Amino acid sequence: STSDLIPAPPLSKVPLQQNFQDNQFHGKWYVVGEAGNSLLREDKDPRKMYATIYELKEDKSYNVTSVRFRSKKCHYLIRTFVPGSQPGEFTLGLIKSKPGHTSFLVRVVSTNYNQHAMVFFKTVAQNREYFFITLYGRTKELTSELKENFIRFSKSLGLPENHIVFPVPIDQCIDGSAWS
């Protein structure tokens, strides 16, 4: 908790998806890749794939559900992503109308809505800024050129290769259908 950390990048380096469309972004995404400044690849017990489901409310905010396989059971979390200043940016927590003192911040960096996306996350604890990036997929598999591009972008925010992980696909919990 006192060890050194790779600095979170300026928001000048984390651009948003242009003309971002909240209605096209909704629905289920598999987390195909992950990167972060506190994230270390551990091949003795790897990180498993999980899914998020972004449901667009009348609010214009998202009701984001995470589904994970953990301790031999399916685990469900629900959070509210409130929209920030620009389309594709979201906040969580109680600090909102005070930019750059935000508890937890989300930015959709790029997406083609029907196949893939890259989302940047940033939060604070004990005066230390943590940041994290996900490579979302509409399916569990993605193309090697999309993963290479994720590695490329992650390096542009200052992460080396050993801070980048591609979760192992799993059949439990994460292939649930659901009406909307």
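Numbering starts at 1 and follows the sequence shown.
As the entry records it, the average C-alpha temperature factor is higher for 171-179, out of 171-179 and 4-12. In this entry, the higher average B-factor at the C-alpha atoms falls on 36-44, of the pair 36-44 and 59-67. Across the options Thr111, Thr134, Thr123, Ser144, the residue with the most elevated CA B-factor in the record is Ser144. When the modelled residues of the chain are ordered by their C-alpha B factor, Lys73 lands in the middle third. When all modelled residues of the chain are sorted by CA temperature factor, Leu92 is found within the middle third. Among all modelled residues in its chain, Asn162 ranks in the highest third by Cα B-factor. Per the PDB record, residue ranking by Cα B-factor puts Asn23 in the highest third of the chain.
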